[PDB]
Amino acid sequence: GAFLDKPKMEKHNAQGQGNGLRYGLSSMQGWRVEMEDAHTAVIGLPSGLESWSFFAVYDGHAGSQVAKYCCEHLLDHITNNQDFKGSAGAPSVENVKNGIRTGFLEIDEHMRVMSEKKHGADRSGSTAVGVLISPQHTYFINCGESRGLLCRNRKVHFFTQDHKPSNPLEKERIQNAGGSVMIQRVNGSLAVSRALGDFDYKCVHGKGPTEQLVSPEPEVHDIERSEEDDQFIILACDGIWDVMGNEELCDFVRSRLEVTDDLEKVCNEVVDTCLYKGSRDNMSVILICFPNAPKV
């Protein structure tokens, strides 16, 4: 069964601050029988990236193993590879974007070996949405159907493009890989087109890793930061976006940040609103406020 008879409404919250940023987050199981979301929130990365921050939401499916592994190691795989480093001083925008892509493919490969030797009924997968923030840029990262959104100058400034099986580029890859999109799902089952894990959808002979039925390749969009106008970023899984629009959620959060500076509370309000609107899925939201976010 996919659903409980009564929703599990308990919320897990976390918050922190540093590098001029403040964040809050909320996680809730809701009407689902299992809780398969995971998240990463870190201010200050190692080895010379102390001024950098990384936030991410992982929406797992068919188990929580891939999501949990991603939340514990995706950041390392991203920053430790040669592409991210780009042997010189600090990584260029291109280094960061290539490093993120290499991170996704490498953690996926690594996870494939470990799910092979220790065989079992853990054929899970997880989408990922997040932001790697540097002193000069915000790097939106998307792999799946969760979504990240940036509010700048009281407006929706950017939001990621959900990876749906029926979108043209996805359907193209799926058909080239010998699959099909039926009832909006890859081969009629998985309603996800990009994700880490889901190795059963990655065994197509003659096709590279980014050409499989399900792809681990992330979409990375760099945004030069604006100390004056950047207000906040919302990262949330489709349990939130399925029931609230970009403009609506942005306006809701911007309004709440005029009443309170409690980011966990604002995240709880977002989650509860979506639950009351009828969302029957797991829900995870991270709210990262910049120095010039709406103030209470």
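Residue indices: 1-based, along the sequence shown.
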- Message: Using only C-alpha atoms and the B-factors in the entry, which stretch averages higher, 128-136 or 196-204?
- Response: 196-204
- Between 169-177 and 104-112, which has the larger average Cα B-factor in the PDB entry? 104-112
- Query: Based on what the PDB entry reports, which of 260, 268, 53, 64 has the top C-alpha B-factor?
  - Reply: 260
- Query: From 156, 223, 220, 190, pick the one with the largest CA B-factor in the entry?
  - Reply: 190
- Against its chain's modelled residues, does residue 85's Cα B factor rank lowest, middle or highest third? highest
- Item | Third of the chain's Cα B-factor distribution that residue 214 belongs to, per the entry | lowest
- Message: What third of the chain does residue 245 rank in for C-alpha temperature factor, lowest, middle or highest?
- Response: middle
- Would you check the entry's CA temperature factor for residue 98 and let me know if it's in the chain's lowest, middle or highest third? middle
- Task: Would you please rank residue 251 by its C-alpha temperature factor against the other modelled residues of its chain and give the third it falls in: lowest, middle or highest?
- Result: middle
